[PDB]
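For reference, the structure discussed in these notes is given below.
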């Protein structure tokens with residue numbers, strides 16, 4: 001019994017909120033023994049007794065004990081949570097709402113265990129997170145409230161972000177591109193990212209830029225036939241969701257967002273093609289509604305015209321989603337929790353490198369308008385370097401697209417560069 | 001329409017958490033019109049648009065706008081809460097959990113109205129309280 | 001012209017006449033700027049009164065004859081007339097009884113609003129798919145034109161659409177209300 005104090009402490013608090021008047025008192029006495037035996041420090045005082053009339057609405061009392069112990073009794077954390085989750089499933093609907101109430105304060109304490117000198121306790125925290133992910137998938141009704149408490153608050157701990165984000169990708173990977181498990185993890189990242197916009201944005205982008213950079217090792221005729229295609233597809237759905245309301249920090253990552261848009265336009269199933277169109281419409285909108293940057297009244301008029309142009313039937317054809325009345329409807333699916341996506345109509349349109357110029361020159365017009373205000377900007381000089389790396393490197397799926405873009409944006413060319421272009425033609 | 005800014009404000013926020021991708025976007029635009037027409041003060045900035053892909057898990061966004069307006073827009077309180085309760089019953093189970101999240105910040109503003117020189121606003125607050133009392137009796141699971 | 005067709009009765013023959021007359025009233029309201037009207041407003045109201053009576057749903061099942069499926073088209077055709085007629089029409093009640101003008105309008109607005117709402121519930125697919133989709137689309141477009149002209153006397157009765165049960169119908173009511181605010 002001495003070895004498992006945390007496991008008993010959850011039995012006391014779960015049964016204090018029961019509906020049997022003779023079981024609340026039985027739990028009060030057990031709680032009294034634990035504090036004396038283990039010298040746990042709490043706010044008030046407790047005295048064993050028999051015959052107490054404990055009220056049913058015993059909710060703000062439980063939350064005060066759990067909150068106090070969590071503050072000044074951290075070592076119980078790992079073994080407490082493991083038990084609390086296990087009791088979550090077995091309890092009824094009404095008791096489930098209670099487990100959330102007193103579970104949340106403990107989640108702060110995972111800060112220290114996540115980097116506990118790789119003592120195999122780090123392996124434990126990741127196991128707990130995998131358990132939390134499974135509750136979210138199944139408890140559809142309580143979805144609006146799990147996001148605000150568990151993920152909303154757990155995502156405000158800077159040191160803990162890296163491990164939490166990593167588990168999201170692995171769970172989605174097993175499901176697949178259209179699987180429910182991968183669809184849900186895309187939504188949850190929105191709540192996680194609200195705490196630290198500047199850190200989740202520069203960490204989901206940083207993974208995409210590397211997966212694309214690793215297709216060079218095993219060149220393939222097309223991306224969809226590459227082994228790493230599934231990794232690229234799911235990571236794109238994350239970028240779609242994070243783009244709304246400026247949760248992808250555009251004022252710092254605009255070069256790395258256009259760079260990826262040009263390598264994805266008009267590739268994939270019809271669902272993935274309406275996502276790329278939506279992503280562009282949200283990056284432009286974020287510019288017009290950002291406070292960090294101070295665009296003069298002239299520039300803001302340039303953007304608003306671009307915002308309308310991209311929604312014309314002309315650009316629906318360029319992106320390759322013609323015959324679709326609205327992109328929003330196709331991009332999202334209502335029954336995304338119940339069933340997995342069901343792709344069909346494998347017949348897939350072709351792409352023409354002349355279309356890529358028209359898009360690649362519309363974006364370049366937007367970027368230059370911004371640089372006029374932003375002093376000593378580096379956006380265009382960063383984008384060129386990214387293109388210049390794929391342009392002169394053998395990759396039969398990305399090289400053609402990286403040449404049409406290298407020329408459309410570059411502002412200076414030397415004799416040494418021209419020979420490479422003319423020797424790729426030979 | 002100029003006499004009911006609070007009655008509309010609840011329609012925009014309730015439907016932003018909907019499950020139809022073409023009903024979130026329509027609700028976002030309505031919210032944009034309200035702030036300009038009525039000079040409501042919010043944290044960020046909003047820009048009317050068409051074609052936006054608004055994500056489904058749009059929960060901490062609503063709670064942030066609602067919390068801001070309640071802090072620095074109190075006069076809307078009474079007519080806002082009356083509507084929110086009336087919208088509680090008609091909505092489904094999942095949307096019921098949303099209404100709780102962004103309803104709470106407003107409750108703290110009833111202080112001033114409870115003793116408003118018995119201008120018949122005092123009779124109004126008691127009407128709201130009796131409405132809350134009825135939700136508690138019926139919604140056993142929550 | 002309508003009164004004679006109004007009293008013609010019900011039959012496979014007489015039904016087709018009603019349909020064609022309804023299509024005339026739609027074409028007559030695309031040339032309203034060219035034509036000449038002694039009293040434009042007082043005339044548009046009566047036509048709405050005489051045409052609302054013909055939009056009767058679920059009358060082909062009680063009749064128990066599929067030969068009278070035309071009544072489905074008559075309701076589809078009738079609504080298109082009512083949409084065109086209603087576009088920009090302030091309401092004005094006939095002065096047959098002595099009552100306050102402001103009260104008479106609010107009463108009048110609810111008279112038509114409930115009629116459309118009842119026809120809206122029936123068109124739900126849960127309660128031919130193209131027919132219901134088209135008729136349902138018209139039934140809301142007709143309602144939007146009714147509200148825009150009469151915001152003062154009909155906004156209160158209309159707020160209930162915000163929490164309607166059809167998701168596709170809630171978006172339209174919000175788009176309408178967005179315009180109303182923006183206008184000065």
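When the helix-only estimate is applied to chain A (DSSP H runs of n ≥ 4, each -39,500 (n - 2.57), divided by the residue count), what is the mean residue ellipticity at 222 nm, nearest 500 deg cm²/dmol?
-19500 deg cm²/dmol
Let me check against my output: what whole-number percent is the relative contact order of chain A, with C-alpha pairs under 8 Å and at least 6 apart?
11 percent
Calculate the all-directions average of the projected area of region B:72-142's alpha-carbon convex hull, and give it in nm².
Mean shadow area of the hull around the Cα atoms is 4.9 nm².
Cα axis of helix B:21-38 to longest principal axis of chain B: angle in degrees, 0 to 90, nearest 10?
Value to nearest ten degrees: 60.
Within 10 Å of each residue's Cβ, count the other Cβ atoms and sort C:71, B:136 from fewest upward.
Taking fewest neighbouring Cβ atoms as first place, the list is B:136, C:71.
Report, to the nearest 10°, how far helix A:180-195 tilts away from the longest principal axis of the Cα atoms in chain A, using its own Cα long axis and a range of 0 to 90°.
80 degrees
Based only on Cα atoms, what mean projected area does the convex hull of region C:100-184 have, in nm²?
5.9 nm²
Looking at region A:171-281 from every direction and averaging, what is the projected area of its Cα convex hull in nm²?
Quarter of the Cα hull surface area: 6.8 nm².
Between Rg and the Kirkwood Rh of region A:13-103, both from Cα atoms, what is the Rg to Rh ratio?
Looking at region A:13-103, the ratio lands at 0.94.
Work out, in µm²/s and without decimals, the Stokes-Einstein translational diffusion coefficient of region B:1-56 at 20 °C, 1.002 mPa s, Rh from Kirkwood over C-alpha pairs.
Stokes-Einstein gives a translational diffusion coefficient of 181 µm²/s.
If I model a spin label at residue B:2 and residue C:132 as a point 7 Å from the Cα along the Cα→Cβ vector, what separation in nanometres do I get?
Each label point is offset 7 Å from its Cα along the Cβ direction, giving 4.4 nm.
Beyond 21 Å, how much of the Cα-Cα pair distribution for region C:57-132 remains, as a whole percent?
In whole percent, the share of Cα-Cα pairs in region C:57-132 beyond 21 Å is 44.
Using only the Cα atoms, work out Rg/Rh for chain C, with Rh taken as the Kirkwood radius, to two decimals.
0.97
GNM on chain B, C-alpha springs below 10 Å: top fluctuator among B:72, B:117, B:57?
Comparing B:72, B:117, B:57 in the GNM, the peak value goes to B:117.
Rank these for me by crowding, A:153, A:243, going from fewest to most other beta carbons within 10 Å.
A:153, A:243
Running a GNM on chain A with Cα contacts under 10 Å, which residue among A:40, A:363, A:30 ends up with the highest mean-square fluctuation?
A:40
Given the C-alpha atoms of region A:62-215, compute the convex hull and give its volume per residue in Å³.
127 Å³
Take the Cα gyration tensor of chain A, multiply each eigenvalue by 5, square-root it, and list the three semi-axes largest first, rounded to whole angstrom.
Values for chain A, descending: 53, 21, 21 Å.
Post the alpha-carbon centroid distance, region C:101-137 to region C:3-42, in whole angstrom.
Measuring centre to centre over Cα atoms gives 21 Å.
From zero up to wherever the largest Cα-Cα distance of the protein assembly as shown sits, split into 20 Å bins and tell me the percent of pairs in each.
Using 20 Å bins, I get a P(r) of 13, 38, 33, 14, 2 for the protein assembly as shown.
Compactness ratio of region A:295-357: Cα Rg over 2.2 N^0.38 Å, N = residue count?
Here the Cα radius of gyration is 1.56 times the empirical estimate.
If we count other beta carbons within 10 Å of each Cβ, what is the order of C:5, C:140, fewest first?
The fewest-first ordering by Cβ neighbours comes to C:5, C:140.
Between region A:118-162 and region B:76-93, what is the separation of their alpha carbon centroids in Å?
Using only Cα atoms to place each centre, the spacing works out to 31 Å.
I'd like the FRET efficiency for residue C:118 and residue B:42, computed as 1/(1 + (r/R0)^6) with the beta carbon distance as r and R0 of 41 Å, rounded to 0.05.
E(calc), rounded to 0.05, equals 0.55.
Determine the distance separating the Cα centre of region A:48-71 from the Cα centre of region A:362-395; give it in Å without decimals.
61 Å
Against the longest alpha carbon principal axis of chain A, how many degrees, from 0 to 90 and to the nearest 10, is the axis of helix A:415-425 turned?
Between helix and principal axis, roughly 90 degrees.
Over all distinct Cα pairs, what is the inverse of the mean 1/r for region A:279-426, reported as the Kirkwood hydrodynamic radius in Å?
So the Kirkwood estimate lands at 18.4 Å.
FYI, it's all coordinate maths here, none of it is from the lab. No Cβ is skipped: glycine too gets one built from the backbone with ideal geometry, and neighbour counts run over all protein chains shown.
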